[PDB]
Amino acid sequence: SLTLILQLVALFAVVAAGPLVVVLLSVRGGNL
Amino acid sequence: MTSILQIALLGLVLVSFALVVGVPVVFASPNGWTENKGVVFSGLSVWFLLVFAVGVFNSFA
Amino acid sequence: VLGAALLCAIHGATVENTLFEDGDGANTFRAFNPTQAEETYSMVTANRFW
Amino acid sequence: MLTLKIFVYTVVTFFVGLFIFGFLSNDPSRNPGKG
Amino acid sequence: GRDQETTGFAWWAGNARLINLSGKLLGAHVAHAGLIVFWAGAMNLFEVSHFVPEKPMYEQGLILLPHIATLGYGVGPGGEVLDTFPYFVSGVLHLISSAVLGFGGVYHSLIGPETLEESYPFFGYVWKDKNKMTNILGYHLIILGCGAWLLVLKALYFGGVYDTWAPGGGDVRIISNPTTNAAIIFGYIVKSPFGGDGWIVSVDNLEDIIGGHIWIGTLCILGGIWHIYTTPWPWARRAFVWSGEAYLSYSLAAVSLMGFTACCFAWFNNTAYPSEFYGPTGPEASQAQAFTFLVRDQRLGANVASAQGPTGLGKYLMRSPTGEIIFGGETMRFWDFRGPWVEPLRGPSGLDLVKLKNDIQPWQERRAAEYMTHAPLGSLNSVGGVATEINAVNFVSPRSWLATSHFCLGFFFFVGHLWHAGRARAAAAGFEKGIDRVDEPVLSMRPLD
Amino acid sequence: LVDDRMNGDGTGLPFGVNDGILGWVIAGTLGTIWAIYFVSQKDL
Amino acid sequence: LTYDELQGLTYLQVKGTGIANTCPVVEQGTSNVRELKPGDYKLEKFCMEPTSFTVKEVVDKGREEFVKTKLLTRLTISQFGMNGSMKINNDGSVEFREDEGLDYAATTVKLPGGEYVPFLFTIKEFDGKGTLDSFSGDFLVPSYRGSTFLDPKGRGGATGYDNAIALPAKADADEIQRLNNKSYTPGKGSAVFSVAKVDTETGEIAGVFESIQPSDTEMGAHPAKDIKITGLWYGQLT
Amino acid sequence: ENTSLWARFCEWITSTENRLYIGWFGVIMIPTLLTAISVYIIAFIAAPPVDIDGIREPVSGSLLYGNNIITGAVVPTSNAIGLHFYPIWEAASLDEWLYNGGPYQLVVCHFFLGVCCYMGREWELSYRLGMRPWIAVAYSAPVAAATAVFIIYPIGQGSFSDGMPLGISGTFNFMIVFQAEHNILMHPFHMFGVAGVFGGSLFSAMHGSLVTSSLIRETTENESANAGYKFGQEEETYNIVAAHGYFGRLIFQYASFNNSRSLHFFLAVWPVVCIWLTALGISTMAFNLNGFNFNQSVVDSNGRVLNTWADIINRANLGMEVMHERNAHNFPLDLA
Amino acid sequence: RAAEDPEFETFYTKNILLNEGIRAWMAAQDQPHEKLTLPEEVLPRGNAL
Amino acid sequence: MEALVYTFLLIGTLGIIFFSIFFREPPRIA
Amino acid sequence: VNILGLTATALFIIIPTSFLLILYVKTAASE
Amino acid sequence: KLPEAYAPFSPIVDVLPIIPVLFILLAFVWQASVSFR
Ligand code: CLA
Ligand code: CLA
Ligand code: CLA
Ligand SMILES: CCCCCCCCCCCCCCCCCC(=O)OC[C@H](COP(=O)(O)O)OC(=O)CCCCCCCCCCCCCCCCC
Ligand SMILES: CCCCCCCCCCCCCCCCCC(=O)OC[C@H](CO)OC(=O)CCCCCCCCCCCCCCCCC
Ligand SMILES: CC1=C(/C=C/C(C)=C/C=C/C(C)=C/C=C/C=C(C)/C=C/C=C(C)/C=C/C2=C(C)CCCC2(C)C)C(C)(C)CCC1
Ligand SMILES: CC1=C(/C=C/C(C)=C/C=CC(/C)=C/C=C/C=C(C)/C=C/C=C(C)/C=C/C2=C(C)CCCC2(C)C)C(C)(C)CCC1
Ligand SMILES: CC1=C(/C=C/C(C)=C\C=CC(/C)=C/C=C/C=C(C)/C=C/C=C(C)/C=C/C2=C(C)CCCC2(C)C)C(C)(C)CCC1
Ligand SMILES: CC1=C(/C=C/C(C)=C\C=C\C(C)=C\C=C\C=C(C)\C=C\C=C(C)\C=C\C2=C(C)CCCC2(C)C)C(C)(C)CCC1
Ligand code: OEX
Ligand SMILES: [Cl-]
Ligand SMILES: [Cl-]
Ligand SMILES: [Fe+2]
């Protein structure tokens with residue numbers, strides 16, 4: 001369903017946001 | 001008047017995602033906050049303007 | 001079983017609360033050396049308390 | 001039976017008062033440590 | 001952040017590393033406040049997205065919309081919902097405020113000043129500066145008193161609040177003549193917490209609720225001014241410990257007391273937590289069941305004052321230990337329950353027989369039947385009924401959920417108060433890390449224990 | 001009424017006090033403990 | 001405490017005070033009693049309150065007298081909200097009738113010596129006869145426990161095990177009255193009523209009453225004792 | 001200078017020189033407890049029968065009324081009282097005070113105050129002996145369990161009659177009726193509690209076997225090994241490295257406790273947090289949150305009910321439910 | 001004592017009644033080999049409930 | 001006759017508890 | 001069983017108690 | 001339900017409760033990234 005697809009995309013985008021910022025800070029200099 | 005509200009809200013969601021991903025990146029970057037002043041200020045200003053725009057367009061839709 | 005659970009809890013709490021300083025650090029878990037021949041918790045203080 | 005309630009109230013108030021004012025009686029100065 | 005060697009605190013005690021860092025303390029606090037308002041807004045949006053209008057809110061598993069509806073937003077007479085837009089507005093405003101607070105907390109946590117004392121003397125503080133701690137406490141007391149007075153203004157001039165004790169089944173009422181009498185307001189405070197008294201859980205009218213809120217707002221404002229313009233007395237300085245962990249332990253004990261007390265409100269009180277929004281309580285559901293079977297057997301041509309039970313105590317109506325006419329059966333243990341649908345049927349001597357016979361109301365009967373069907377009995381799978389019941393009803397009372405979660409949090413926070421009070425006393429004493437091994441206090445006193 | 005009772009259940013009695021003698025012994029006991037504590041000051 | 005200030009007093013001021021367990025006592029009018037108008041009457045809210053509970057126990061020099069007891073139960077002894085109809089003649093010959101209402105109260109009293117005597121304090125189906133000074137009669141006394149009541153070993157009249165099942169060998173012979181047969185035969189009591197302080201302006205009557213009734217018969221394990229109830233009564237005409 | 005009466009009394013109270021430390025928590029702990037023991041012995045010996053269910057059917061519970069030690073129990077308060085406070089002065093006579101279960105409330109209140117002040121006194125002696133204070137934090141778990149089964153469950157169900165009877169057979173009755181009501185076996189908090197006591201027995205046996213197995217040889221075989229340990233010594237009595245190596249090659253190398261401080265902390269924390277969880281499970285059941293309900297969960301394609309082990313547990317719950325308080329229910333739904 | 005005196009109730013007798021309830025409401029669906037098609041009217045059941 | 005045996009066993013148990021608490025062997029600390 | 005159990009309980013509470021008292025006094029009188 | 005103008009944003013509304021759990025787990029991730037120093 002469209003609602004299920006949007007829920008899964010939103011959930012994946014949110015749950016990846018934490019790992020995204022930590023990986024970007026680890027590879028972009030430091031200070032973490 | 002509803003479609004422009006939906007477009008403004010989707011833009012607000014995208015700007016909020018860009019803020020929550022880049023603002024910790026900008027802050028915790030080694031000497032990154034000094035030069036990311038303009039882009040961070042523009043992002044926050046666009047976020048506030050989009051919040052106000054969605055709020056004022058809610059009364060018209 | 002209930003006495004054994006009581007003994008486990010009370011022995012762990014007594015040992016961890018009757019510890020010696022050995023410190024220069026707020027974390028007592030890093031204040032322990034496996035290769036030594038000295039007690040790290042005060043048996044005398046534990047006996048007096050209980 | 002009112003006398004029993006008065007006596008119990010007096011005993012309870014006595015013990016609670018000893019507790020409260022004993023802890024007001026500068027309890028941290030009964031420290032076996034330094035400071 | 002820092003590490004283990006530079007602070008002495010491990011990662012699983014990492015917030016202790018920011019005990020003495022005022023700026024990082026403020027950042028953690030503001031980010032946490034953003035988290036709290038984020039949960040408020042996100043749960044409000046989730047509940048209004050999952051809200052069904054043709055069902056009561058206690059069947060749908062909502063806990064925040066009953067809180068907003070109690071204040072009288074989007075609800076009409078009888079507890080029915082008229083609009084969800086106020087709830088949506090509250091959720092969106094909380095989400096935006098959460099964004100602002102989260103940005104502030106993240107900024108102070110990451111690139112904010114480490115210590116505020118040398119650059120911002122107004123916001124700088126050391127834990128032994130009792131005057132500055134009382135100033136901060138006074139500012140927060142002013143904020144709390146202003147919030148209480150804001151609730152008072154909401155219930156007085158800004159649409160009122162939902163009165164479940166209004167005739168007909170409750171309505172959004174404007175509070176007129178709040179009971180500001182100190183005797184009746186503080187008699188709740190000096191009341192016993194047992195049955196028949198209930199301490200402050202047994203507040204039964206919005207007049208006393210708003211009067212107590214006026215009193216607590218005025219008291220909080222005067223206490224805040226007092227703390228701003230005074231200092232702790234020498235007896236308080238001798239009695240108390242003046243560390244940050246000590247202040248945290250005091251707050252922990254306080255919030256544990258509030259958690260237990262709010263658990264008791266959610267389980268027993270039906271005035272500040274209306275049953276039309278939160279579902280019937282335990283006593284309310286048992287009395288509703290007894291009253292519904294009473295009117296059923298009365299319609300079936302059976303005498304209700306007579307026709308005793310198998311134990312000869314009374315199947316329908318009997319006597320309380322004091323002497324009032326109460327509902328029969330095990331619901332005797334809930335004989336102190338007071339609800340909007342029993343009070344018109346209750347006279348000076350308790351449940352009046354002639355009133356229960358002739359002054360019946362169809363809305364009272366319908367509400368009692370609905371409360372009997374929807375008792376706060378359920379499993380953690382949200383299976384309605386007792387533990388033996390078949391997996392067919394999807395309902396657990398919001399009162400039950402709030403009571404369980406809040407007693408759990410109150411007990412954990414009591415234990416946290418224990419831990420932090422003990423560690424604060426040991427840290428001020430000097431033996432929080434162990435025994436000095438050369439100055440053991442037991443060897444300094446004589447044997448035989 | 002076949003027997004005598006205090007009938008103190010409910011009613012919201014302050015500290016469960018039905019007679020003024022109860023509140024007076026509360027006040028007297030707390031006051032005398034406070035007085036002993038206050039006279040025995042300036043120690044240690 | 002009349003019916004005027006009782007009805008004008010709200011629930012929250014009666015709760016926990018015991019006022020809900022005392023009869024309305026008139027204070028106006030006279031004790032003439034004969035002054036009341038003879039004729040047809042259908043009384044309402046018949047009120048009853050005991051003042052003493054006594055049991056017939058002694059076999060000694062007292063010669064089967066009534067002894068004082070201790071009330072093991074709380075204030076669950078009063079009876080209120082009863083209807084009926086009583087007829088009054090000119091010479092004073094009156095009859096009494098009680099049909100429905102809270103006409104019963106399960107009460108347990110303690111004999112001196114640690115003995116428990118429960119009894120169902122009833123006035124139901126009263127057939128009074130006599131004069132205004134004293135009219136007496138008989139009332140129907142229910143058993144105490146219903147037929148669906150279960151004892152510590154299951155059993156009971158309507159529903160039950162009909163024997164002691166925990167041991168499979170002794171379920172007969174000596175213990176017939178305990179398990180083989182459950183007795184629920186109702187008894188009969190005697191009640192004497194006196195009328196005093198009659199107020200004909202409002203049609204409120206009062207006075208003292210004297211009732212003798214059997215105690216709990218249970219299933220017939222022990223013979224029922226005689227319970228004497230003294231106290232006040234109150235009623236309102238039409 | 002310590003001459004005034006209150007200063008002398010304070011020094012005597014806070015004196016660590018006593019045989020048993022009293023302290024300012026002990027000044028409440030001692031009289032409340034001795035009250036509870038006194039009335040508990042007297043009630044257990046010669047308590048008259050108590051009408052627990054409120055249906056005028058009294059329960060003896062005491063030895064002089066025909067109870068043995070297993071069956072003897074201080075019966076809970078009458079159901080007519082419920083959560084009302086029933087002290088002796090609120091009763092007209094001692095006879096009805098005993099008939100209505102007043103001793104149960106008095107014992108429960110005094111015992112709750114006593115265990116709370118015992119926990120406070122444990123902290124106080126830890127403070128006055130220069131010790132770390134979290135022994136009281138460890139003791140907060142049995143205190144939580146006692147409060148949950150004596151006060152919190154009566155609060156949640158609305159009647160002190162609903163608390164745990166002060167005895168053994170009464171305790172079993174409480175557990176059986178409790179299973180009927182809430183299906184405690186199917187609850188995660190009770191499952192963690194059971195795992196905690198089982199693991200507590202396991203870890204007690206583990207730690208005791210490891211230390212007693214690794215004692216340093218300082219005696220012979222004709223004298224007890226305990227005689228090898230001298231009290232007040234600073235020399236270690238067992239080989240920590242040998243014990244850790246044995247455990248590592250027994251179960252796992254990288255998943256073993258090489259530090260005695262961490263090992264003893266684990267021994268302290270595991271049963272304490274699990275008993276916290278099970279006490280909170282009882283307290284959540286007090287507000288009728290109940291265990292897992294899997295009655296008629298497995299259904300086939302035609303919709304017929306396929307019974308499971310949870311359905312057999314449901315049958316047990318039905319058997320308990322139709323029998324508990326066999327005369328106290330005038331109506332079907334057991335909402336009280 | 002409980003058989004000869006029906007006023008003697010204890011928690012032990014409560015436990016005995018509860019265990020009888022377990023056996024009765026358990027046997028039919030716990031032991032399929034017994035083929036216990038036990039009717040409703042003989043199953044022990046208390047007041048209402 | 002059983003009740004007296006029970007009460008005697010329990011008072012003996014409390015006697016052993018009081019005896020073990022108050023008249024124990026002192027630690028030698030040597 | 002009303003008095004045979006009494007005799008069994010008496011023998012159980014004395015015989016090992018007496019034996020333990022023998023050993024305890026045999027150790028206590030030796031320093 | 002949600003207002004008709006905000007109906008398509010319900011799927012992104014439903015994810016919003018779990019963010020604090022994701023936040024504490026993100027704190028654990030960051031502590032793993034600093035090698036639990
Ligand atoms: C608002 C209340 C509050 C505050 C501000 C603090 C603050 C602090 N605590 Mg503390 N604590 C509290 C309450 C609080 N605590 C409570 C309620 C308990 C339970 C008894 C504890 C028990 C505790 C202990 C044992 C310790 C601290 C420690 C600390 C310090 C370092 C914290 C840290 O970095 O650890 C890091 C945080 C974590 C590793 C998270 C822990 C994982 C939790 C348990 C997961 C649970 C989540 C789960 C889903 C919740 C559901 C359970 C239930 C509600 C249903 C810090 C200043 C430490 C200290 O003393 O420093 C000096 C320490 O030793 N606290
Ligand atoms: C309520 C949750 C909470 C909060 C608010 C904080 C806050 C803080 N912690 Mg902490 N911590 C927590 C939980 C929390 N912690 C738990 C559960 C543990 C146990 C695992 C720890 C263990 C811990 C340790 C060991 C330490 C801290 C430290 C710190 C401080 C500085 C961290 C830093 O700057 O390094 C940098 C961190 C990062 C670069 C990670 C970036 C992640 C970003 C900020 C997430 C933001 C996402 C969000 C959506 C952005 C929106 C902003 C805006 C657009 C709205 C800071 C104030 C340090 C300290 O004490 O200071 C001396 C430190 O040593 N914490
Ligand atoms: C939650 C807000 C708050 C907080 C954290 C504090 C904190 C503090 N106040 Mg304060 N106060 C407040 C609100 C608050 N106050 C308000 C609203 C008022 C206006 C009424 C006052 C008026 C006030 C005065 C006049 C004084 C303080 C003082 C103090 C300090 C010592 C108090 C003490 O010894 O502990 C607790 C005190 C006691 C245990 C003894 C008091 C006995 C009880 C608590 C008083 C109420 C009795 C009543 C019968 C209890 C019923 C409720 C109970 C059953 C739960 C302390 C730091 C003292 C100070 O040091 O000056 C700066 C001081 O003299 N306060
Ligand atoms: C078979 C018949 C014989 C049976 C024998 C049974 C004996 C029971 C006697 C009753 C027990 C009461 C003990 C009281 C002792 C007070 C003296 C003392 O504590 O030291 C003073 C001691 C004096 O200072 P010191 O001598 O300098 O060390 O310290 C104190 O002041 C502390 C006082 C504590 C008061 C609490 C009393 C003890 C509570 C625990 C008793 C519980 C009752 C149940 C008994 C069995 C369990 C133990
Ligand atoms: C049910 C009835 C009782 C209701 C009581 C409710 C009213 C009181 C509740 C709030 C009192 C606030 C306590 C703060 C001070 C406590 C510590 C202290 O003491 O602080 C200690 C401090 C030391 O400098 O002194 C000081 O600041 C002085 C502060 C104390 C001043 C108050 C004393 C009142 C006088 C009563 C004495 C009667 C004495 C003799 C009685 C003999 C009877 C035979
Ligand atoms: C001086 C002091 C002290 C001490 C104290 C003490 C010594 C204690 C105690 C105490 C006690 C010692 C208490 C008590 C109480 C008791 C009681 C309260 C009792 C009782 C009993 C009863 C109530 C009974 C009843 C009955 C029954 C159950 C059955 C049959 C009938 C009869 C009636 C017999 C200290 C050191 C702390 C410090 C402070 C002060
Ligand atoms: C709004 C409202 C209201 C009101 C309320 C109020 C007004 C409250 C309050 C109150 C108060 C006003 C209170 C008080 C308090 C206090 C406290 C709670 C405290 C404390 C603490 C402690 C516990 C202490 C301790 C100690 C001691 C004793 C000793 C020494 C040391 C120390 C100090 C630590 C009402 C209900 C009407 C209605 C509804 C709502
Ligand atoms: C520092 C730190 C940290 C962090 C913390 C925190 C706590 C943070 C935060 C933050 C926050 C607290 C945030 C918040 C936020 C919010 C937002 C970002 C928002 C928004 C907006 C929007 C865009 C919306 C939209 C909408 C509407 C308007 C309605 C309808 C629906 C929707 C959704 C469409 C950690 C732990 C990691 C590590 C350590 C340190
Ligand atoms: C979208 C939308 C809308 C709109 C909205 C708007 C347009 C608004 C807003 C909003 C906002 C705009 C919010 C907010 C936030 C904020 C905050 C959250 C704040 C803060 C602040 C603070 C917290 C402060 C602090 C401080 C300082 C810094 C100074 C001194 C000290 C103190 C502490 C005071 C509506 C709902 C209509 C509808 C739906 C859609
Ligand atoms: O009381 Mn003891 O167990 Ca609580 O559920 Mn309702 O109430 Mn009776 O039944 Mn089931
Ligand atoms: Cl019922
Ligand atoms: Cl049962
Ligand atoms: Fe060890």
# chains A, B, ... in the order shown; residues from 1 in each chain; ligands from 1

$ select_by_dssp --residues "chain F" --states "helix (DSSP H, G or I)" --output "PDB file with C-alpha atoms, in the first residue's frame"
ATOM      1  CA  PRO F  14      -7.057  16.940  60.068  1.00  0.00           C
ATOM      2  CA  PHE F  15      -4.411  14.382  61.098  1.00  0.00           C
ATOM      3  CA  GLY F  16      -7.348  12.179  62.095  1.00  0.00           C
ATOM      4  CA  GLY F  20      -8.967  19.235  70.343  1.00  0.00           C
ATOM      5  CA  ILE F  21      -7.027  17.318  73.007  1.00  0.00           C
ATOM      6  CA  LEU F  22      -5.501  15.202  70.217  1.00  0.00           C
ATOM      7  CA  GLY F  23      -4.203  18.227  68.317  1.00  0.00           C
ATOM      8  CA  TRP F  24      -3.043  19.768  71.583  1.00  0.00           C
ATOM      9  CA  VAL F  25      -0.958  16.726  72.495  1.00  0.00           C
ATOM     10  CA  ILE F  26       0.481  16.768  68.944  1.00  0.00           C
ATOM     11  CA  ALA F  27       1.456  20.410  69.471  1.00  0.00           C
ATOM     12  CA  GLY F  28       2.736  19.820  73.000  1.00  0.00           C
ATOM     13  CA  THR F  29       4.915  16.828  72.138  1.00  0.00           C
ATOM     14  CA  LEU F  30       6.393  18.485  69.042  1.00  0.00           C
ATOM     15  CA  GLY F  31       6.922  21.711  70.978  1.00  0.00           C
ATOM     16  CA  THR F  32       8.672  20.088  73.926  1.00  0.00           C
ATOM     17  CA  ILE F  33      10.951  18.068  71.629  1.00  0.00           C
ATOM     18  CA  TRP F  34      11.726  21.273  69.712  1.00  0.00           C
ATOM     19  CA  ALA F  35      12.333  23.097  73.004  1.00  0.00           C
ATOM     20  CA  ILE F  36      14.805  20.452  74.197  1.00  0.00           C
ATOM     21  CA  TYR F  37      16.541  20.595  70.798  1.00  0.00           C
ATOM     22  CA  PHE F  38      16.641  24.420  70.906  1.00  0.00           C
ATOM     23  CA  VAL F  39      17.985  24.648  74.466  1.00  0.00           C
TER      24      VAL F  39
END

$ residues_around --residues "region 3-5 of chain K" --least-positions-apart "4" --cutoff "9 Å" --atoms "only C-alpha atoms" --output "PyMOL selection string"
(chain J and resi 1-2) or (chain K and resi 9-10)

$ write_last_selection --atoms "N, CA, C and O atoms" --output "compact mmCIF listing (two decimals), in the first residue's frame"
# COMPACT_ATOMS: atom_id res chain seq x y z
N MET J 1 -3.48 -29.68 72.64
CA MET J 1 -2.24 -30.34 73.03
C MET J 1 -1.18 -30.18 71.95
O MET J 1 0.02 -30.22 72.23
N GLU J 2 -1.62 -30.01 70.70
CA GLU J 2 -0.69 -29.70 69.62
C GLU J 2 -0.25 -28.25 69.66
O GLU J 2 0.90 -27.94 69.32
N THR K 9 8.43 -35.99 67.91
CA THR K 9 8.94 -34.62 67.93
C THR K 9 9.88 -34.40 69.10
O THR K 9 10.93 -33.76 68.95
N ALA K 10 9.55 -34.95 70.27
CA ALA K 10 10.41 -34.82 71.44
C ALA K 10 11.76 -35.50 71.20
O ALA K 10 12.81 -34.91 71.47

$ residues_near_ligand --ligand "ligand 2" --cutoff "7 Å" --atoms "only C-alpha atoms and all ligand atoms" --output "number ranges by chain"
A: 18, 21-22, 31-32; B: 16, 19-21, 23-24, 28; E: 1-3, 10-18, 24-25, 27-29, 31-32, 99-100, 102-103, 106, 109-110; L: 24, 27-28, 30-31, 37

$ residues_near_ligand --ligand "ligand 6" --cutoff "8 Å" --atoms "only C-alpha atoms and all ligand atoms" --output "JSON, numbers by chain"
{"D": [15, 18], "H": [13, 22, 26, 27, 28, 29, 30, 31, 32, 33, 34, 35, 36, 38, 39, 40, 41, 42, 43, 44, 45, 46, 47, 48, 94, 95, 98, 103]}

$ closest_atom_pairs --of "chain L" --to "chain B" --cutoff "9 Å" --atoms "only C-alpha atoms" --output "JSON lines"
{"residue": "L:5", "atom": "CA", "partner": "B:2", "partner_atom": "CA", "distance": 6.1}
{"residue": "L:6", "atom": "CA", "partner": "B:6", "partner_atom": "CA", "distance": 7.5}
{"residue": "L:8", "atom": "CA", "partner": "B:6", "partner_atom": "CA", "distance": 8.7}
{"residue": "L:9", "atom": "CA", "partner": "B:10", "partner_atom": "CA", "distance": 8.8}

$ residues_around --residues "region 4-10 of chain J" --least-positions-apart "6" --cutoff "9 Å" --atoms "only C-alpha atoms" --output "JSON, numbers by chain"
{"H": [45, 63, 64, 68, 69], "K": [6, 9, 13]}

$ residues_near_ligand --ligand "ligand 10" --cutoff "7 Å" --atoms "only C-alpha atoms and all ligand atoms" --output "PyMOL selection string"
(chain E and resi 330) or (chain H and resi 53+79+157+161-162+177+181+325+334-336)

$ residues_near_ligand --ligand "ligand 3" --cutoff "9 Å" --atoms "only C-alpha atoms and all ligand atoms" --output "ChimeraX atom specification"
/D:20,24 /E:130-131,133-134,137-138,140-141,145,186,189-191,216-224,226-237,239-240,250-251,254 /F:15

$ residues_around --residues "region 26-33 of chain I" --least-positions-apart "4" --cutoff "7 Å" --atoms "only C-alpha atoms" --output "ChimeraX atom specification"
/H:312,315-316 /I:22,37-38

$ interface_residues --of "chain J" --to "chain C" --cutoff "12 Å" --atoms "only C-alpha atoms" --output "list in words"
residues 21, 26, 27, 28, 29 and 30 of chain J

$ residues_near_ligand --ligand "ligand 7" --cutoff "6 Å" --atoms "only C-alpha atoms and all ligand atoms" --output "PDB file with C-alpha atoms, in the first residue's frame"
ATOM      1  CA  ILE D  20      13.038  14.782  62.837  1.00  0.00           C
ATOM      2  CA  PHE D  23      18.282  14.594  61.839  1.00  0.00           C
ATOM      3  CA  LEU D  24      18.152  18.364  62.414  1.00  0.00           C
TER       4      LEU D  24
ATOM      5  CA  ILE E 185      -8.183  23.628  50.781  1.00  0.00           C
ATOM      6  CA  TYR E 188      -7.129  17.806  51.804  1.00  0.00           C
ATOM      7  CA  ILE E 200      -5.949  14.705  47.986  1.00  0.00           C
ATOM      8  CA  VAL E 203     -11.012  16.061  45.567  1.00  0.00           C
ATOM      9  CA  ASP E 208     -11.779  23.027  45.186  1.00  0.00           C
ATOM     10  CA  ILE E 209      -9.433  22.133  42.312  1.00  0.00           C
ATOM     11  CA  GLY E 212      -6.135  24.874  45.425  1.00  0.00           C
ATOM     12  CA  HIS E 213      -4.505  25.899  42.152  1.00  0.00           C
ATOM     13  CA  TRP E 215      -3.410  28.843  46.448  1.00  0.00           C
ATOM     14  CA  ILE E 216      -0.472  26.881  45.027  1.00  0.00           C
ATOM     15  CA  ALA E 239      20.889  19.841  58.235  1.00  0.00           C
TER      16      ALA E 239
END

$ residues_around --residues "residue 13 (chain C)" --least-positions-apart "4" --cutoff "12 Å" --atoms "only C-alpha atoms" --output "ChimeraX atom specification"
/C:6-9,17-19,41,46,50 /H:122,126,131-140,261-272

$ write_last_selection --atoms "C-alpha atoms" --output "mmCIF file, in the first residue's frame"
data_model
loop_
_atom_site.group_PDB
_atom_site.id
_atom_site.type_symbol
_atom_site.label_atom_id
_atom_site.label_comp_id
_atom_site.auth_asym_id
_atom_site.auth_seq_id
_atom_site.Cartn_x
_atom_site.Cartn_y
_atom_site.Cartn_z
ATOM 1 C CA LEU C 6 19.502 -13.388 49.292
ATOM 2 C CA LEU C 7 23.075 -14.588 49.868
ATOM 3 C CA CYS C 8 24.141 -13.650 46.332
ATOM 4 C CA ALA C 9 22.594 -10.171 46.517
ATOM 5 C CA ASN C 17 30.047 -1.379 49.587
ATOM 6 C CA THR C 18 32.934 -2.374 51.893
ATOM 7 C CA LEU C 19 35.634 -1.766 49.272
ATOM 8 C CA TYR C 41 36.975 -5.206 50.493
ATOM 9 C CA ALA C 46 31.616 -5.804 56.710
ATOM 10 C CA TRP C 50 26.270 -6.803 59.631
ATOM 11 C CA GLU H 122 21.242 0.208 56.903
ATOM 12 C CA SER H 126 26.947 2.436 56.200
ATOM 13 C CA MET H 131 31.167 2.565 53.983
ATOM 14 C CA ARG H 132 29.612 2.925 50.578
ATOM 15 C CA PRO H 133 25.846 3.256 51.128
ATOM 16 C CA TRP H 134 24.188 1.079 48.458
ATOM 17 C CA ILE H 135 23.485 -1.907 50.724
ATOM 18 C CA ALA H 136 20.138 -0.208 51.373
ATOM 19 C CA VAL H 137 19.710 0.130 47.597
ATOM 20 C CA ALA H 138 20.162 -3.644 47.339
ATOM 21 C CA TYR H 139 17.708 -4.173 50.233
ATOM 22 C CA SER H 140 15.173 -1.958 48.419
ATOM 23 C CA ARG H 261 34.742 -5.968 41.690
ATOM 24 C CA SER H 262 32.735 -6.378 38.476
ATOM 25 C CA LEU H 263 31.909 -9.986 39.410
ATOM 26 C CA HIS H 264 30.566 -8.996 42.834
ATOM 27 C CA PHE H 265 28.689 -6.056 41.311
ATOM 28 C CA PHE H 266 27.036 -8.492 38.891
ATOM 29 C CA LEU H 267 26.150 -10.800 41.797
ATOM 30 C CA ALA H 268 24.630 -7.805 43.583
ATOM 31 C CA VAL H 269 22.771 -6.358 40.616
ATOM 32 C CA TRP H 270 21.170 -9.418 38.970
ATOM 33 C CA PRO H 271 18.705 -10.722 41.626
ATOM 34 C CA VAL H 272 18.070 -7.191 42.909
#
